[PDB]
């Protein structure tokens, strides 16, 4: 009996579980792939893919074949569509496709793996076709456009439409910021007994000087309205991929790629010397679902540690063993691993606890002349519930006053302010937006972001993401020549379609034929352009500068001064055909 995995870390963990019952073999990654050099898809035979053994993996292939002749060869790749395709490759080279030989699991624990190896299944060809269709789409786009982008801008669109749609989100945000016109207004607050209230106005306003003098003179208010109601706050959901990446960015400072690397370590298992042990469930998931087993262990822990009054195919990202507390975990985990584990643990435990309960007092105060009103709220905690674990500070206090009572002293604070544009994306907030719009999936949020940064299409400055000269220019070309095909809308629609292919609810060939019609109608292989944009930069002679591109890359020029060179990753946005540096 042989078990095949992709990584040496997974092999160790599974071997720790099963011992001598099974022989465990690691492929050291992929064995078979589309031709590295050639296009590798036959457009004349309904998008038929061409596969070749990866150079350097031939010995691996031969060993797989040998093992499959010696006993049953179970395949324990990860459960996503990429893993399913790895499993399909192994089955095909070994001539075992159709046998119940594929093992399915969300965690690498004694309990789950021991059961999983006794219940193998047939490879899921729906999942395989979804994956192969993604590979084919990216290959059609990549091999068509990357030469055209090399010819014109010395660049390329490898990670296909998902990369281009995410780049577009960043450029779209940058234009929103560029076009924003701030408005001056006053923030007016009244303060009394640890409470605050804001002036009640229909919209933000810059008040005239005499009005400000009048308002600043207020030293007494009357309670006009007080409404008290019970407010419950729901606990957070257990993590999925997108939410882990967001929160680990905002709470720990981890780039999304670092979060996925640490999370892989904790899912695959780490070497301790109580053997090789796993800490979390699989890290590529769109689900916040929790197993009955996990729910019950969490109830038991909560009941015991906090009290029973605190008790509230893909799975959430959660600890495998809730009794492996963060404190316990530090004997085994490095500092970064322990931070992520702790985050995951608290999120999951909190998700299983009661909503918190507060009394909210909503109040209105007025001047005695009836000219001005101020509104505020205050909360009083009744029950902390999940907040004992998912630490939360709210605006708490006391409102002892009743309707009609005068309040004195009151202190007024008037502050000149200016409206602000939407913030730029951070890695975490870009992932939020990709999920919101159906762009990218658990396997591709982090690698898409990493790729955009690595190619210089976007640049990070103090955690914020900016489009660049080459990012802006490439995006503009794609929009001009491939409008519909590279839209956020068409990219999200394709992702939905691949998910239906996965579920057996649409056909891969229909999806591909339909895409290829759309693409091939607009695709122009010989397109030769001259980069030439007006800009927001001026020469000292007075003339405006224009952006050009030559053998030494991008430069600025005018019809009287000297030419300034510009780097590919200088920050830039194109709006209405003009490049803003």
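Positions of Cβ are generated from backbone atoms using ideal geometry, with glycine treated the same way; all protein chains shown enter the neighbour counts. Only the coordinates and a few stated rules stand behind these numbers; no lab work does.
Roughly how many Å is it from the Cα centre of segment 475-546 to that of segment 236-290, as a whole number?
Taking the Cα centre of segment 236-290 as reference, the centre of segment 475-546 is 33 Å away.
Relative contact order (percent) for segment 1-129, with alpha-carbon contacts under 8 angstrom and 6 or more residues of separation?
24
I'd like to compare 191-197, 318-324, 275-281: which one has the highest average count of other Cβ atoms within 10 Å, and what's the full order after that?
Peptide ranking by packing, descending: 275-281, 318-324, 191-197.
Once the Cβ-Cβ distance between residue 205 and residue 39 is put in as r, and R0 is 56 Å, what FRET efficiency do you end up with, to the nearest 0.05?
That pair, residue 205 with residue 39, gives E of 0.35.
Given a Förster distance of 30 Å, report the FRET efficiency between residue 54 and residue 146 from their Cβ-Cβ distance, rounded to the nearest 0.05.
0.90
Rounded if a/c is under 1.5, else prolate if a/b is larger than b/c, else oblate: which is segment 399-548, with a ≥ b ≥ c the root eigenvalues of its Cα gyration tensor?
In terms of gyration-tensor shape, oblate.
Run the numbers for residue 510 and residue 462: contour at 0.36 nm per residue of separation, minus the present Cα-Cα distance, in nm.
12.8 nm
Sticking with the crude label model, points 7 Å out along Cα→Cβ, report the distance from residue 158 to residue 335 in nm, one decimal please.
3.2
Stretched out fully, how many nm does the piece from residue 368 to residue 541 gain, at 0.36 nm a residue minus the Cα gap?
Taking residue 368 through residue 541 to full extension adds about 55.9 nm, to one decimal.
Mind computing the radius of gyration and Dmax over the alpha-carbon atoms of the chain? Å is fine for both.
Answer for the chain, Rg first and Dmax second: 29.6, 94 Å.
With each label point set 7 Å from Cα along the Cα-Cβ vector, what nm distance links residue 411 and residue 436?
3.8
Given labels modelled 7 Å from the Cα in the Cβ direction, how far is it in nm from residue 178 to residue 272?
5.4
With a Cα-only, solvent-free Debye model of segment 1-97, what are the log10 I(q)/I(0) values at q = 0.10, 0.14, 0.18 Å⁻¹?
Ignoring solvent entirely, the Cα scatterers give -0.29, -0.55, -0.85.
Please report the relative contact order for segment 380-510, taking Cα pairs under 8 Å with a sequence separation of at least 6, and give it as a percent rounded to a whole number.
For segment 380-510, the relative contact order is 17 percent.
Quick check: the distance between the Cα centres of segment 342-390 and segment 93-138, to the nearest angstrom?
If you average the Cα positions of each part, the centres end up 46 Å apart.
Please state the relative contact order of segment 444-581 as a whole percent: Cα pairs under 8 Å, 6+ residues apart?
24
Helix-only estimate, please: 222 nm mean residue ellipticity of the chain, summing -39500 (n - 2.57) across DSSP H runs of length 4 or more and dividing by its residues, to the nearest 500.
Result for the chain: -12500 deg cm²/dmol, rounded to the nearest 500.
Indicate the gyration tensor shape class of segment 138-295 (rounded, prolate or oblate), computed on the Cα atoms with a ≥ b ≥ c the square roots of the eigenvalues: a/c under 1.5 is rounded; otherwise a/b larger than b/c is prolate and the rest oblate.
Oblate, since a/c reaches 1.5 and b/c is not below a/b.
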